[PDB]
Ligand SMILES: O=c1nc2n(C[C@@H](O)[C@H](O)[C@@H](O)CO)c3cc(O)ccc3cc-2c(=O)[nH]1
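Okay, so here's just one chain, in structure tokens, the form solved without the named molecule.
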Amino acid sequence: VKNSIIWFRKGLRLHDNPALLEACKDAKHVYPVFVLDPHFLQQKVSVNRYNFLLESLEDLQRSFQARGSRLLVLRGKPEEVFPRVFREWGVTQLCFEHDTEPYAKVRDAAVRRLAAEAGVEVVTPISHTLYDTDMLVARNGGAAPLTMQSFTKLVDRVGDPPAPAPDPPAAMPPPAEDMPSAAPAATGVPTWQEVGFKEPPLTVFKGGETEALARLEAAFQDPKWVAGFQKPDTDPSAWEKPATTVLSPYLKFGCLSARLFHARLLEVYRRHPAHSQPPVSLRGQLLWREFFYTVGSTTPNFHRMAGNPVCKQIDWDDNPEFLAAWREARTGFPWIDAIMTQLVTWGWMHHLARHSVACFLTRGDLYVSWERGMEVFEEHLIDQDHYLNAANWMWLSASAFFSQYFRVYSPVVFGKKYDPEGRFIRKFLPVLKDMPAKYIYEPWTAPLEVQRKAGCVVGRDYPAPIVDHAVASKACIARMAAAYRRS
């Protein structure tokens, strides 16, 4: 008889899950499995993203229970738990979604060899990205496109992505009863207290496939807002109702299908002939994700500078006093500190909000390496994607893809064009709630009586600016200008 395991890593969903459909096909027992390393906390990982993961597992648990099955959260290492459950459960087939990250290629190649020793068939369909990223490389001639213009031309030559897979049946084959490695007390979904986190999460974005689909339908209630979506024209200061979809945490963990997102967009574009085109359209945003996944998966040492063939070797400064002030949201610029506060509290910021803080830290003001600010992003971002977190930090630091280092955002003026009152600043930095809008972006310019009347004395309640932007940016641009000549 057929006993199969559907291994969940990414793709924490039931819709558009071809690895789950194959696992349930002609199966006597199906074992939904998610492997947890309990000593992750003892390695870097905020409670916001980890609890977002735990909520997505509880969402899978309720979905399997409604279909007569159950999710199994196995503790330990995968190269270790699988050889035991193969012989215990009488496994004949193992299915999981294809992953192109550097750690996964090592991990999955080890489980395949263990599955070959136990006589277990391995089926790894592709469903995390829009296309087969290795197929796009072969169709381009053996190398990945290095520009968005060339990559957009490539996917149009290939055509539409595969349609989202059918939904799984209403009744799934249950796991076998009285199996020791499937005991409910040792396979349940733990909370954030039991994994070792002492401070609770503060994000307002709840994980799970159900919330992802509800957040999808809400974005598609106005098809005219979807058809005319232009990314550079959105508001980074919009926090009550974010100007974009905020679907990145669900696309990272796989709670939402990229092919399902793509399909619904084409249904709206079909009825709106004047819809926006890449790279500014909503479809173009999924292409940015697909473009950076294709380049990073085929480029050695992509998340670093040394050994990276696409990254420029820049003479970044090793300044831990500027990195600390930027990391702890105490640079003295309320626009920068408010965004960094949203990073630690919500774990998500608007794309242009991530532009202002990444530019200020790197080529803009502080001239600190993009690898240092990345590690801060990989800790607090609930949507942190290995490949996407890289290319954008190399984009903002002018190390790759982007080479216009003369374009420097102003930490004082940038947020002013969207939010002259400073409503975004007063929310995440409540020490400046009473500061008048005239000095809310430059509090050090307010008279001392204005600082006292507002209860925000610069140097006592709110820090002074760590740098003069005019002097810092002028030096940073020039240093970046000679590095490009030596290139």
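Shifts are known only where both forms have a C-alpha. Note that residue numbering begins at 1 and tracks the sequence as displayed. Rigid core: the largest C-alpha set superposing within 1.5 Å between the two forms.
The following text describes the form solved in complex with the named molecule, which does not appear among the structures shown.
J.: Of the listed stretches (139-147, 101-109, 204-212, 167-175), which one has a non-hydrogen atom within 4.5 Å of the named molecule in the deposited complex?
T.: Contact-bearing stretch, as computed: 101-109.
J.: Does the named molecule get within 4.5 angstroms of any non-hydrogen atom of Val35 in the deposited complex?
T.: Yes, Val35 lies within 4.5 Å of the named molecule in the deposited complex.
J.: Would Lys252 count as a contact of the named molecule in the deposited complex, using a 4.5 angstroms cut-off between non-hydrogen atoms?
T.: Yes, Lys252 sits close enough to the named molecule in the deposited complex that at least one of its heavy atoms falls within 4.5 Å.
J.: Contact between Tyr50 and the named molecule in the deposited complex at 4.5 Å, heavy atoms?
T.: Output for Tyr50 is yes: heavy atoms within 4.5 Å of the named molecule.
J.: Would you check, heavy atoms only and a 4.5 Å threshold, whether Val45 touches the named molecule in the deposited complex?
T.: Answer yes; at least one heavy atom of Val45 falls within 4.5 Å of the named molecule in the deposited complex.
J.: Identify which of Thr341, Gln384, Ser237, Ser276 has a heavy atom within 4.5 Å of the named molecule in the deposited complex; exactly one of them does.
T.: Partner contact (heavy atom, 4.5 Å) among the options: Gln384.
J.: Using a 4.5 Å heavy atom cut-off, which residue among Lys25, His469, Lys10, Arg479 comes into contact with the named molecule in the deposited complex?
T.: Among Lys25, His469, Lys10, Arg479, a heavy atom within 4.5 Å of the named molecule in the deposited complex occurs only for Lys10.
J.: Where among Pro430, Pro38, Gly455, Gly459 does the Cα move by 2 Å or more between this form and the one not shown after the core is superposed?
T.: Single hit from the list, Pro38.
J.: What runs of three or more residues stand out between this form and the one not shown, with each Cα shifted 2 Å or more once the rigid core is matched?
T.: Core-superposed, just one run shifting 2 Å or more comes out: 37-43.
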